[PDB]
>>> print(open('run.cif').read())   # mmCIF, C-alpha atoms
data_protein
loop_
_atom_site.group_PDB
_atom_site.id
_atom_site.type_symbol
_atom_site.label_atom_id
_atom_site.label_comp_id
_atom_site.auth_asym_id
_atom_site.auth_seq_id
_atom_site.Cartn_x
_atom_site.Cartn_y
_atom_site.Cartn_z
ATOM 1 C CA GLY V 272 0.000 0.000 0.000
ATOM 2 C CA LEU V 273 2.838 2.428 0.828
ATOM 3 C CA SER V 274 3.715 4.566 -2.230
ATOM 4 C CA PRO V 275 6.341 3.051 -4.562
ATOM 5 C CA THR V 276 8.652 6.084 -4.067
ATOM 6 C CA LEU V 277 7.890 6.434 -0.335
ATOM 7 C CA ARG V 278 9.449 2.990 0.137
ATOM 8 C CA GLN V 279 12.442 3.861 -2.041
ATOM 9 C CA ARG V 280 13.229 6.803 0.230
ATOM 10 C CA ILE V 281 13.016 4.654 3.335
ATOM 11 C CA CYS V 282 15.197 2.086 1.658
ATOM 12 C CA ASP V 283 17.542 4.923 0.689
ATOM 13 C CA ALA V 284 17.665 6.319 4.233
ATOM 14 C CA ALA V 285 18.760 2.993 5.727
ATOM 15 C CA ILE V 286 21.479 2.588 3.079
ATOM 16 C CA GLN V 287 22.738 6.149 3.636
ATOM 17 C CA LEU V 288 23.220 5.333 7.302
ATOM 18 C CA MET V 289 25.148 2.030 7.018
ATOM 19 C CA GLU V 290 27.157 3.371 4.039
ATOM 20 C CA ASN V 291 28.299 6.241 6.278
ATOM 21 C CA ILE V 292 29.653 3.869 8.948
ATOM 22 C CA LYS V 293 30.913 1.024 6.763
ATOM 23 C CA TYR V 294 28.707 -1.724 8.100
ATOM 24 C CA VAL V 295 29.924 -5.308 7.775
ATOM 25 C CA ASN V 296 27.502 -8.301 7.660
ATOM 26 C CA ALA V 297 23.716 -8.353 7.911
ATOM 27 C CA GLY V 298 21.949 -5.647 9.862
ATOM 28 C CA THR V 299 18.438 -4.235 10.050
ATOM 29 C CA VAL V 300 17.514 -0.539 10.215
ATOM 30 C CA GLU V 301 14.216 -0.123 12.042
ATOM 31 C CA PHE V 302 12.086 2.793 10.964
ATOM 32 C CA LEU V 303 8.872 4.203 12.338
ATOM 33 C CA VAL V 304 6.515 5.616 9.702
ATOM 34 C CA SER V 305 3.561 8.050 9.627
ATOM 35 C CA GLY V 306 1.969 10.164 6.781
ATOM 36 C CA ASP V 307 4.863 10.845 4.416
ATOM 37 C CA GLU V 308 7.916 10.550 6.690
ATOM 38 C CA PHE V 309 10.221 8.008 8.309
ATOM 39 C CA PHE V 310 11.793 8.243 11.755
ATOM 40 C CA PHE V 311 14.774 6.062 12.660
ATOM 41 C CA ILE V 312 14.225 3.815 15.666
ATOM 42 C CA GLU V 313 17.025 1.265 16.150
ATOM 43 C CA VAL V 314 19.513 -1.056 14.462
ATOM 44 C CA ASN V 315 19.552 -4.816 14.967
ATOM 45 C CA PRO V 316 23.192 -5.723 14.051
ATOM 46 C CA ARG V 317 22.507 -9.320 13.024
ATOM 47 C CA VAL V 318 19.850 -11.619 11.560
ATOM 48 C CA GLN V 319 16.266 -10.867 12.559
ATOM 49 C CA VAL V 320 13.950 -13.751 13.390
ATOM 50 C CA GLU V 321 11.935 -12.718 10.336
ATOM 51 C CA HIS V 322 14.700 -12.975 7.712
ATOM 52 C CA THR V 323 13.244 -15.857 5.746
ATOM 53 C CA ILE V 324 10.430 -13.669 4.445
ATOM 54 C CA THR V 325 12.830 -11.210 2.787
ATOM 55 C CA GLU V 326 14.845 -14.103 1.367
ATOM 56 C CA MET V 327 11.650 -15.477 -0.212
ATOM 57 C CA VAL V 328 10.832 -12.296 -2.135
ATOM 58 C CA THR V 329 14.437 -11.366 -3.059
ATOM 59 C CA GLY V 330 15.831 -14.894 -3.556
ATOM 60 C CA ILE V 331 18.935 -14.354 -1.429
ATOM 61 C CA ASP V 332 20.055 -16.748 1.276
ATOM 62 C CA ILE V 333 20.847 -14.111 3.930
ATOM 63 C CA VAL V 334 22.368 -16.478 6.461
ATOM 64 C CA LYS V 335 24.492 -18.243 3.871
ATOM 65 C CA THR V 336 25.874 -14.825 2.967
ATOM 66 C CA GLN V 337 26.653 -13.877 6.543
ATOM 67 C CA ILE V 338 29.137 -16.772 6.582
ATOM 68 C CA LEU V 339 30.724 -15.825 3.278
ATOM 69 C CA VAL V 340 31.221 -12.166 4.188
ATOM 70 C CA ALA V 341 32.833 -13.404 7.394
ATOM 71 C CA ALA V 342 34.937 -15.702 5.196
ATOM 72 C CA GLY V 343 36.493 -12.632 3.549
ATOM 73 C CA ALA V 344 34.392 -13.046 0.450
ATOM 74 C CA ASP V 345 32.982 -10.457 -1.957
ATOM 75 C CA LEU V 346 29.375 -9.172 -2.174
ATOM 76 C CA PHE V 347 29.212 -9.233 -5.983
ATOM 77 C CA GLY V 348 31.598 -12.153 -6.432
ATOM 78 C CA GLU V 349 31.564 -15.779 -7.579
ATOM 79 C CA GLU V 350 30.784 -16.987 -4.055
ATOM 80 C CA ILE V 351 27.970 -14.758 -2.691
ATOM 81 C CA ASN V 352 26.607 -13.975 -6.180
ATOM 82 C CA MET V 353 24.694 -10.900 -5.010
ATOM 83 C CA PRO V 354 22.940 -9.163 -7.931
ATOM 84 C CA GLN V 355 23.751 -5.499 -8.556
ATOM 85 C CA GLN V 356 21.556 -3.108 -6.523
ATOM 86 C CA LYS V 357 19.461 -1.958 -9.543
ATOM 87 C CA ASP V 358 18.966 -5.687 -10.221
ATOM 88 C CA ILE V 359 17.812 -6.660 -6.735
ATOM 89 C CA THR V 360 14.064 -6.562 -6.330
ATOM 90 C CA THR V 361 11.242 -8.786 -5.311
ATOM 91 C CA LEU E 362 14.823 -15.305 -9.990
ATOM 92 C CA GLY E 363 17.929 -17.429 -9.614
ATOM 93 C CA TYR E 364 18.037 -21.049 -10.708
ATOM 94 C CA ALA E 365 16.356 -24.275 -9.544
ATOM 95 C CA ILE E 366 17.234 -27.965 -9.839
ATOM 96 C CA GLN E 367 14.969 -31.014 -9.590
ATOM 97 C CA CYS E 368 15.378 -34.776 -9.392
ATOM 98 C CA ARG E 369 13.514 -37.809 -8.086
ATOM 99 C CA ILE E 370 14.569 -40.248 -5.370
ATOM 100 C CA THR E 371 13.513 -43.722 -6.515
ATOM 101 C CA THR E 372 14.198 -47.334 -5.537
ATOM 102 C CA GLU E 373 16.235 -47.956 -8.685
ATOM 103 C CA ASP E 374 19.532 -49.695 -7.871
ATOM 104 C CA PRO E 375 22.203 -47.807 -9.827
ATOM 105 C CA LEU E 376 24.349 -50.949 -9.557
ATOM 106 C CA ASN E 377 21.672 -53.392 -10.637
ATOM 107 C CA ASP E 378 20.552 -51.726 -13.901
ATOM 108 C CA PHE E 379 17.965 -49.592 -12.100
ATOM 109 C CA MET E 380 15.508 -52.373 -11.497
ATOM 110 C CA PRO E 381 13.225 -50.788 -8.907
ATOM 111 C CA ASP E 382 13.545 -52.483 -5.489
ATOM 112 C CA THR E 383 10.352 -53.467 -3.595
ATOM 113 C CA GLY E 384 9.653 -54.158 0.087
ATOM 114 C CA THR E 385 9.400 -52.167 3.278
ATOM 115 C CA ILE E 386 11.119 -48.926 4.516
ATOM 116 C CA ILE E 387 12.392 -49.138 8.109
ATOM 117 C CA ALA E 388 13.880 -45.647 8.523
ATOM 118 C CA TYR E 389 13.202 -42.366 6.759
ATOM 119 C CA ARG E 390 14.722 -39.006 7.589
ATOM 120 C CA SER E 391 14.503 -36.022 5.246
ATOM 121 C CA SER E 392 16.276 -32.683 4.926
ATOM 122 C CA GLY E 393 14.219 -29.562 4.379
ATOM 123 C CA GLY E 394 15.619 -26.044 4.742
ATOM 124 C CA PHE E 395 15.143 -22.652 3.075
ATOM 125 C CA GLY E 396 15.370 -23.125 -0.724
ATOM 126 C CA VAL E 397 14.382 -26.815 -0.471
ATOM 127 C CA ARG E 398 11.065 -28.402 -1.554
ATOM 128 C CA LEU E 399 10.047 -31.999 -0.845
ATOM 129 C CA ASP E 400 7.299 -33.755 -2.646
ATOM 130 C CA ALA E 401 7.062 -37.084 -0.849
ATOM 131 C CA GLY E 402 5.617 -40.065 -2.723
ATOM 132 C CA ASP E 403 6.318 -43.485 -1.212
ATOM 133 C CA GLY E 404 8.973 -42.256 1.254
ATOM 134 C CA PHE E 405 8.003 -42.503 4.944
ATOM 135 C CA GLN E 406 8.825 -44.834 7.872
ATOM 136 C CA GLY E 407 5.950 -47.270 7.230
ATOM 137 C CA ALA E 408 5.586 -47.623 3.480
ATOM 138 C CA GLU E 409 5.764 -51.031 1.914
ATOM 139 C CA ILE E 410 6.707 -50.573 -1.743
ATOM 140 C CA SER E 411 4.610 -52.174 -4.494
ATOM 141 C CA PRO E 412 6.290 -53.328 -7.737
ATOM 142 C CA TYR E 413 3.223 -51.948 -9.472
ATOM 143 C CA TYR E 414 3.841 -48.228 -10.069
ATOM 144 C CA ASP E 415 6.664 -46.002 -11.234
ATOM 145 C CA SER E 416 8.734 -45.955 -8.071
ATOM 146 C CA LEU E 417 9.145 -42.464 -6.597
ATOM 147 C CA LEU E 418 10.111 -41.810 -3.011
ATOM 148 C CA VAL E 419 10.628 -38.027 -2.908
ATOM 149 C CA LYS E 420 10.568 -35.310 -5.526
ATOM 150 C CA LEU E 421 13.468 -33.052 -4.551
ATOM 151 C CA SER E 422 13.616 -29.441 -5.830
ATOM 152 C CA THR E 423 16.166 -26.785 -4.789
ATOM 153 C CA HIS E 424 16.476 -23.053 -5.477
ATOM 154 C CA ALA E 425 19.305 -20.496 -4.871
ATOM 155 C CA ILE E 426 20.499 -17.308 -6.682
ATOM 156 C CA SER E 427 23.426 -18.891 -8.474
ATOM 157 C CA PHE E 428 23.070 -22.205 -10.232
ATOM 158 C CA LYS E 429 26.127 -23.494 -8.339
ATOM 159 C CA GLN E 430 24.498 -22.441 -5.087
ATOM 160 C CA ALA E 431 21.312 -24.349 -5.830
ATOM 161 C CA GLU E 432 23.537 -27.293 -6.833
ATOM 162 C CA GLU E 433 25.128 -27.446 -3.357
ATOM 163 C CA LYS E 434 21.738 -27.016 -1.719
ATOM 164 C CA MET E 435 20.645 -30.089 -3.653
ATOM 165 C CA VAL E 436 23.713 -32.178 -2.818
ATOM 166 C CA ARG E 437 23.430 -31.539 0.917
ATOM 167 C CA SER E 438 19.823 -32.570 0.854
ATOM 168 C CA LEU E 439 20.656 -35.712 -1.070
ATOM 169 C CA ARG E 440 23.411 -36.325 1.529
ATOM 170 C CA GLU E 441 21.315 -35.287 4.516
ATOM 171 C CA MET E 442 18.708 -37.824 3.343
ATOM 172 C CA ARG E 443 18.333 -41.141 5.100
ATOM 173 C CA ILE E 444 16.360 -44.071 3.753
ATOM 174 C CA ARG E 445 16.786 -47.638 5.011
ATOM 175 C CA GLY E 446 15.878 -51.168 3.920
ATOM 176 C CA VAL E 447 15.715 -50.533 0.203
ATOM 177 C CA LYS E 448 18.531 -49.501 -2.134
ATOM 178 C CA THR E 449 17.989 -46.051 -3.662
ATOM 179 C CA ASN E 450 19.083 -44.041 -6.702
ATOM 180 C CA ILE E 451 20.447 -41.434 -4.318
ATOM 181 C CA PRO E 452 24.189 -42.166 -4.569
#
>>> encode(input="run.cif", output="structure tokens")
Amino acid sequence: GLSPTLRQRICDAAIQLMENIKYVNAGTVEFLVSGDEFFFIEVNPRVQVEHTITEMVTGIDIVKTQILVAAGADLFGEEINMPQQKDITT
Amino acid sequence: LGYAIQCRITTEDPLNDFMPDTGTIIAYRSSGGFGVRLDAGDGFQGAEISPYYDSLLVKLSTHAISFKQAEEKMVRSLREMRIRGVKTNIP
């Protein structure tokens, strides 16, 4: 229901944060929303119980990746196989 | 979105010329996991297996982002499997 560009901004906010502090491994940026604005709540620096759901719509094994990042491996490499940002959707 | 692989677990003896084995399963453990789909047929701890139909224990389908990934997912599930008291095409 949330507007297709109102999500993109929320998505963009998150990314702007973790990009600014060079975040390594999975994390989750919690936002609180109302009308047409986000407010940042917390960060869960790890897998959330609810990961599976995101993996089902994006087709990425999140946990599997956690291990490979740890391993020294590359986001867009032969091993993790992450699709370019503009290629990731649902 | 990514790649998937499927295959069937039957009672064909890969040593014997894939003559389906008959008789009664005494132990059945199956892998699941995210990316894995099981479509059980005659595989479960009770089943006695009739010579009468196309043998088919479990339809196994896997699904990751890279084909190689989904390939490993498959292998582990094959490996993680456990059927007893009839030879299987699994190896």
>>> residues_around(input="run.cif", residues="residue E:365", least_positions_apart="6", cutoff="10 Å", atoms="all atoms listed in the file", output="PyMOL selection string")
chain E and resi 396-397+422-432+434-435
>>> atom_distance(input="run.cif", atom1="atom CA of residue E:381", atom2="atom CA of residue E:368")
16.2 Å
>>> resolve_selection(input="run.cif", expression="the PyMOL selection byres ((chain V and resi 338-349) around 12)", output="VMD selection string")
(chain V and resid 294 to 297 317 to 318 331 to 337 350 to 356 358 to 359) or (chain E and resid 426 to 430)
>>> closest_residue(input="run.cif", among="V:308, V:313, V:290, V:301", to="residue V:276", atoms="only C-alpha atoms")
V:308
>>> residues_around(input="run.cif", residues="residue E:449", least_positions_apart="3", cutoff="8 Å", atoms="all atoms listed in the file", output="MDAnalysis selection string")
chainID E and resid 370:375 444 452
>>> closest_residue(input="run.cif", among="E:376, E:439, E:362, E:414", to="chain V", atoms="all atoms listed in the file")
E:362
>>> residues_around(input="run.cif", residues="residue E:401", least_positions_apart="2", cutoff="7 Å", atoms="all atoms listed in the file", output="PyMOL selection string")
chain E and resi 399+403-404+418-420
>>> atom_distance(input="run.cif", atom1="atom CA of residue V:305", atom2="atom CA of residue V:273")
10.5 Å
>>> resolve_selection(input="run.cif", expression="the PyMOL selection byres ((chain V and resi 312) around 10)", output="PyMOL selection string")
chain V and resi 300-304+309-311+313-314
>>> write_last_selection(input="run.cif", atoms="C-alpha atoms", output="PDB file, in the coordinates of the input")
ATOM      1  CA  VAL V 300      17.514  -0.539  10.215  1.00  0.00           C
ATOM      2  CA  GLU V 301      14.216  -0.123  12.042  1.00  0.00           C
ATOM      3  CA  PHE V 302      12.086   2.793  10.964  1.00  0.00           C
ATOM      4  CA  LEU V 303       8.872   4.203  12.338  1.00  0.00           C
ATOM      5  CA  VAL V 304       6.515   5.616   9.702  1.00  0.00           C
ATOM      6  CA  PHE V 309      10.221   8.008   8.309  1.00  0.00           C
ATOM      7  CA  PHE V 310      11.793   8.243  11.755  1.00  0.00           C
ATOM      8  CA  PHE V 311      14.774   6.062  12.660  1.00  0.00           C
ATOM      9  CA  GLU V 313      17.025   1.265  16.150  1.00  0.00           C
ATOM     10  CA  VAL V 314      19.513  -1.056  14.462  1.00  0.00           C
TER      11      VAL V 314
END
>>> atom_distance(input="run.cif", atom1="atom CA of residue E:410", atom2="atom CA of residue E:448")
11.9 Å
>>> closest_residue(input="run.cif", among="E:451, E:395, E:382, E:402", to="residue V:327", atoms="all atoms listed in the file")
E:395
>>> closest_residue(input="run.cif", among="E:447, E:416, E:433, E:369", to="chain V", atoms="all atoms listed in the file")
E:433
>>> axis_aligned_box(input="run.cif", around="stretch 363-382 of chain E", padding_each_side="4 Å", output="AutoDock Vina command-line options")
--center_x 18.8 --center_y -35.4 --center_z -9.6 --size_x 19.1 --size_y 44.0 --size_z 16.5
>>> closest_residue(input="run.cif", among="E:386, E:436, E:366, E:421", to="residue E:400", atoms="all atoms listed in the file")
E:421
>>> closest_residue(input="run.cif", among="V:299, V:360, V:315, V:329", to="residue V:285", atoms="only C-alpha atoms")
V:299
>>> residues_around(input="run.cif", residues="residue E:388", least_positions_apart="2", cutoff="9 Å", atoms="only C-alpha atoms", output="JSON, numbers by chain")
{"E": [386, 390, 405, 406, 407, 443, 444, 445, 446]}
>>> build_atoms(input="run.cif", residues="stretch 334-351 of chain V", atoms="N, CA, C and O atoms", output="short mmCIF file (atom, residue, chain, number, x, y, z; two decimals), in the coordinates of the input")
data_model
loop_
_atom_site.label_atom_id
_atom_site.label_comp_id
_atom_site.auth_asym_id
_atom_site.auth_seq_id
_atom_site.Cartn_x
_atom_site.Cartn_y
_atom_site.Cartn_z
N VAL V 334 21.50 -15.82 5.51
CA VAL V 334 22.37 -16.48 6.46
C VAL V 334 23.60 -17.00 5.75
O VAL V 334 24.73 -16.77 6.19
N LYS V 335 23.39 -17.69 4.64
CA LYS V 335 24.49 -18.24 3.87
C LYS V 335 25.51 -17.16 3.59
O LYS V 335 26.71 -17.41 3.64
N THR V 336 25.02 -15.96 3.30
CA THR V 336 25.87 -14.82 2.97
C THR V 336 26.67 -14.37 4.19
O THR V 336 27.87 -14.06 4.09
N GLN V 337 26.00 -14.31 5.33
CA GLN V 337 26.65 -13.88 6.54
C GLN V 337 28.00 -14.59 6.66
O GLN V 337 29.03 -13.96 6.86
N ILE V 338 27.97 -15.90 6.43
CA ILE V 338 29.14 -16.77 6.58
C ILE V 338 30.21 -16.43 5.56
O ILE V 338 31.41 -16.52 5.85
N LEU V 339 29.79 -16.03 4.37
CA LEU V 339 30.72 -15.82 3.28
C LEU V 339 31.41 -14.48 3.40
O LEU V 339 32.59 -14.36 3.11
N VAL V 340 30.66 -13.47 3.85
CA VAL V 340 31.22 -12.17 4.19
C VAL V 340 32.28 -12.31 5.28
O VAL V 340 33.41 -11.83 5.14
N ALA V 341 31.90 -12.98 6.36
CA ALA V 341 32.83 -13.40 7.39
C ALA V 341 34.07 -14.07 6.79
O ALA V 341 35.19 -13.82 7.23
N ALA V 342 33.86 -14.90 5.77
CA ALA V 342 34.94 -15.70 5.20
C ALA V 342 35.98 -14.84 4.49
O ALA V 342 37.09 -15.31 4.20
N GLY V 343 35.63 -13.58 4.25
CA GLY V 343 36.49 -12.63 3.55
C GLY V 343 35.98 -12.37 2.15
O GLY V 343 36.58 -11.61 1.38
N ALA V 344 34.85 -12.98 1.82
CA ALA V 344 34.39 -13.05 0.45
C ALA V 344 33.69 -11.76 0.01
O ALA V 344 33.41 -10.88 0.82
N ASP V 345 33.41 -11.69 -1.29
CA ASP V 345 32.98 -10.46 -1.96
C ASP V 345 31.47 -10.46 -2.23
O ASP V 345 30.92 -11.47 -2.67
N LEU V 346 30.83 -9.32 -2.00
CA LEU V 346 29.38 -9.17 -2.17
C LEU V 346 28.92 -9.56 -3.57
O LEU V 346 28.00 -10.35 -3.73
N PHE V 347 29.59 -9.01 -4.59
CA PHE V 347 29.21 -9.23 -5.98
C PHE V 347 30.14 -10.24 -6.66
O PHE V 347 30.38 -10.15 -7.86
N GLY V 348 30.64 -11.19 -5.90
CA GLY V 348 31.60 -12.15 -6.43
C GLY V 348 31.03 -13.53 -6.74
O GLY V 348 29.85 -13.81 -6.49
N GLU V 349 31.89 -14.39 -7.27
CA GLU V 349 31.56 -15.78 -7.58
C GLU V 349 30.90 -16.55 -6.43
O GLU V 349 30.14 -17.48 -6.67
N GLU V 350 31.22 -16.19 -5.19
CA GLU V 350 30.78 -16.99 -4.06
C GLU V 350 29.44 -16.56 -3.46
O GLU V 350 28.56 -17.39 -3.28
N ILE V 351 29.26 -15.28 -3.16
CA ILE V 351 27.97 -14.76 -2.69
C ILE V 351 26.95 -14.58 -3.83
O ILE V 351 25.76 -14.88 -3.66
#
